Amino acid sequence: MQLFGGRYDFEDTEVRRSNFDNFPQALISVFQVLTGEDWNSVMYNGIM
Amino acid sequence: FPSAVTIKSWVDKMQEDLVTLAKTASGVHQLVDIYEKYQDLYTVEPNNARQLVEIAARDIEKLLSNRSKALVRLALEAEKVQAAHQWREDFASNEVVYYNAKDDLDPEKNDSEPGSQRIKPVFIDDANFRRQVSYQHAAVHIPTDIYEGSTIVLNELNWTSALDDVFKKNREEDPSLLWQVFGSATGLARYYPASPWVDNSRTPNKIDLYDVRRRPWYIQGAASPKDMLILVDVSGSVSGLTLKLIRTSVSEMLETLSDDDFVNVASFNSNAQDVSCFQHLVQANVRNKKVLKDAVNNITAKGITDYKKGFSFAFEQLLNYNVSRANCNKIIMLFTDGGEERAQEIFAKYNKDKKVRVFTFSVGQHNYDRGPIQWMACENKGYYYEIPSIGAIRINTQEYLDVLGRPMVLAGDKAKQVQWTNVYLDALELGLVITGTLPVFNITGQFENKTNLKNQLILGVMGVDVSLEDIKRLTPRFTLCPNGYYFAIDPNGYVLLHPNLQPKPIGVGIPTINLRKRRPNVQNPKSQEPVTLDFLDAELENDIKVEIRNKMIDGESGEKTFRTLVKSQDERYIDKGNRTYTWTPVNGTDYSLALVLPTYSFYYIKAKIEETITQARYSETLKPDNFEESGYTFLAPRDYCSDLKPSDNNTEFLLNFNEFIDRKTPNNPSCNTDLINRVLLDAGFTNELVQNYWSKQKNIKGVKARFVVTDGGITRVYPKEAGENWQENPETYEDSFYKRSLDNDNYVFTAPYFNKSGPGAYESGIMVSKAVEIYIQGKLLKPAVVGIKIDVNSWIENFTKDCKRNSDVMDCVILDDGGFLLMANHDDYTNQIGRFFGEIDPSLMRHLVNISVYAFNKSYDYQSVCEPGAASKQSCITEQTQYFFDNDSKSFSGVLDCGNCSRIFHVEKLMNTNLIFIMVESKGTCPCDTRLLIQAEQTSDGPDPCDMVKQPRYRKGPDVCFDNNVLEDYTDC
């Protein structure tokens, strides 16, 4: 929530549902990266 | 260097040669005398410039009244037919049979959509619409992304089915009638007669983006003018998708504004500021909206959101009253995403009486609270819209006109006044049209007062197109000389009728296309704006024209005779001519009509040839076979009879005209007998000249061709082999040399074109021309223009005989007023004859401008075709320059110092023509150069509008205004 909170503000129209905008969404994102599923796209959003 | 006397005698002999050659070989005096020797085949009739304007104003008022009376029929029928509608929801059994425009005419498709059935029309081809049209039913257009088959759409195609018999009745009572349209508040457009749309959506690849609700006539007839202030949220929370959507939304919202509306875009984030250079409400014309769009597209998001600052800024912007405004509909449009502040303090402090509306827009897909935004909307008589994606922008940014129209509905018949639009380009390719509009009200439960809930909005707008060529026929210009013309004006400056108004769109700025960011098959949008060209941007601008403009904007009748600068047809020269403007107001409407006549055009010639002997003899004179004795003949492609049409192939048209004139003797019960009588008398006179005088000396030494171009529409060139080099328009009212020679009282030399692909330098020659000038019974008249093509070689060999071929001590050239090279001395200059002198020796040209032998004037052409810059052809503004003679002095001796150098020169004006001789120390002497002096349309961007707003042109606004009704509802948001 500190590193990527309110930072996925890319001007394109593609929807990025796994973000860190609030606490329940950050929980969901961290749990999904824990299960291993699609964690690389979360990482790519974090890099961009 | 020669003395003044030797140069003066040189140019005296040099000009005597040319003037005597042209005077004795053209035949000005012979033609003057054969015009004056008859005096009984015609009569000299006056041109009463007041009676003409009043008659034309009455015909225009009658036309617009006949078009107003066909709108109050359609509005009444629509209201009565919809009031008695039942609103079923079961159509799949009782179909709706209609013709959907932009559906393919293939008979082997058989769509038969659920709940509806199609019509396959016959589509005869008509005139007054250059397309195939069916007068049997009305066509229906439904926007591409609006499903046809809804219960809102099928309930509209049901009750609108009764307009067809009123469409037919209107058309049969006055067959001159163009499109009649009903544009619905649901997106439908039902028009008559039926005709397939220009763009099927996906039947071909090109899709169409046409919504009736964004058309100028619809917006103009749906609500009164506005004072819009767009308040944009540029705090940090909007960065990303919602800022991009806000930019697109503000652009699409600006595209719903007209020239009677006023706008400014502000922007707030912990601080409110104007987003542009404007600082207050501006007039919302195409240039101001261009500025506002370019300023919006540069917005970046950062900071804290402070609604109180932004709303204070907005309410203080809407209180100026020092600037020009509309003073009808004060509204604020807040584009935001979501917040927690509602700012009740500011609303109570600033619009406690609720004279200002508020429309709020929540843009993007976000997680913020929207309650306060809807509260701001529901409290201040406004409305609340949500824009989650790009697809919602169009329909959500054009819907506030629904709220703005409640006070107009609540006024009843006080609010049903016809309105006429700006000039714009018909969507069905009819050229420039204006449209008369009328809003249709919803009256269900009107004589028992039941509902008043859905009855607060209009059903749509009824419109009827009037083409500008229908108005250009009530102002006939063929009794005025080529220099006189009618023109009409808005109460806004804009021009409804002018020789300089073209079917092209008005350009703004310099076009800039990117080639690395355009997919091949994406179907870019094109344009939707009207052709609003001010009166001061169509002509040259004095300070007397400004006062004439302002004097006939506020409905005054008057007359003024003065002296002005007129630009030539080919925008290369400028003339100092006397003009007379006589203006009046068009009584029924708010247009004003003026007529511009040059004195020497107060009398015209009216033919009086009614003897079949002379008529048939004169008609014999123009048949191609006999050309070898009368010279190649051109005829003006006017409308002499309703049968034959101007074919634009002049031999085609000439043979058609001949076989028409002989196939039916000049009785012609339905032709225009005055035009054909003038043509016949004219051809008789011109053939008399060609036979009696020109044919005696078959060839002259220096002459290459001899032409007569006259009023009536006759052009004659004596050697047929010269008729192949005639490049002039066959309509004598577009011939630039004709209108130029009418103004001057001497011989006019036209300069050929440079680097022109075709015979234009040596095969043709240099054109001299002079206007024929007769006095019948004490009345001046200029009915024709004779001329000559001078051979370049003969002129050179008379010119050389200190100036010898390719001499390297001095250059001796001849230019005209305009700075174009006509007779050089170097075989390197003389190969580029007809080129601007500031392009082959800029230093002396700039010095000549400085020493006041040449003056120049700069103008803007707002309708130009342009090659897109680096950032097929687009529309742009071009700057034009024209040079002429200001000082009437004859000699100019001097010396120019290039720095380190000096070159002595003498210039002398050949009197009785428009030519000037310059002898200067050779450029080869000194290695000096600064930069070229170009005389050509330079694609420009100015003028700068941030400055025009601080001193804007005078303008009158509409005085009917329907807002602020006390029994509105505003329980909707």
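Note that each Cβ is placed from the backbone with ideal geometry, even for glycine, and that neighbours are counted across all protein chains shown. Nothing in this text is a laboratory measurement; each read-out follows from the coordinates by a stated rule.
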Helix A:23-35 vs. chain A, principal-axis angle (Cα, 0 to 90°, nearest 10): 60 degrees
So for B:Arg953, B:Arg325, fewest C-beta neighbours within 10 Å to most, what's the order? B:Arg953, B:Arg325
FRET efficiency for B:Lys698 and B:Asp639, using Cβ-Cβ distance with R0 set to 41 Å, rounded to 0.05: 0.65
Computed on Cα atoms, Rg of the protein assembly as shown relative to 2.2 N^0.38 Å comes out at 1.13
How would you classify chain A from its alpha-carbon gyration tensor, with a ≥ b ≥ c the square roots of the eigenvalues: rounded for a/c under 1.5, else prolate if a/b is greater than b/c, otherwise oblate? oblate
Restricting to Cα pairs below 8 Å that are 6+ residues apart, what does the relative contact order work out to for segment B:64-173? Please round to a whole percent. 33 percent
In debye, nearest 20, what is the charge dipole magnitude of the protein assembly as shown about its Cα centre with +1 on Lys and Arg Cβ and -1 on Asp and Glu Cβ, if you could check? 1060 debye
Output ³J(HN,Hα) for segment B:306-321: one whole-Hz value per residue in order, computed from phi by the Karplus curve 6.51 cos²θ - 1.76 cosθ + 1.60 with θ = phi - 60°, and x for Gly and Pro. 9, 6, 5, 4, x, 6, 4, 4, 5, 5, 7, 5, 7, 10, 4, 6
Can you tell me the mean projection area, over all orientations, of the convex hull of chain B's alpha carbons? Units nm², please. 46.5 nm²
Free-by-geometry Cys in chain B, Cβ-Cβ under 4.7 Å as pairing rule, reported as B:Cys481
Between segment B:554-620 and segment B:194-228, how many Å separate their Cα centres? 39 Å
Computed about the Cα centre, the charge dipole of chain B from +1 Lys/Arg and -1 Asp/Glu charges at the Cβ has a magnitude in debye, to the nearest 20, of 960 debye
Helix-only mean residue ellipticity at 222 nm, chain B, DSSP H runs n ≥ 4 weighted -39,500 (n - 2.57), per residue, nearest 500. What is it? -7000 deg cm²/dmol
What is the distance, in nm, between label points placed 7 Å from the Cα along the Cα-to-Cβ direction at A:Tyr44 and at B:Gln51? 8.4 nm
Listing B:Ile346, B:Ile458 from the residue with the fewest other Cβ atoms within 10 Å to the one with the most, what is the order? B:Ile346, B:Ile458
For segment B:623-759, give the magnitude of the charge dipole about the Cα centre (Cβ charges: +1 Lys/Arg, -1 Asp/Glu; no others), in debye to the nearest 20. 460 debye
If B:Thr451, B:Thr584 are placed from fewest to most neighbouring beta carbons inside 10 Å, the sequence is B:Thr451, B:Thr584
To the nearest Å, what is the center-to-center distance of segment B:254-291 and segment B:771-809, using C-alpha atoms only? 57 Å
Please report the spacing between the Cα centers of segment B:431-469 and segment B:122-158 in Å, no decimals. 19 Å
Percent relative contact order for segment B:179-250, counting Cα pairs under 8 Å at least six residues apart, stands at 20 percent
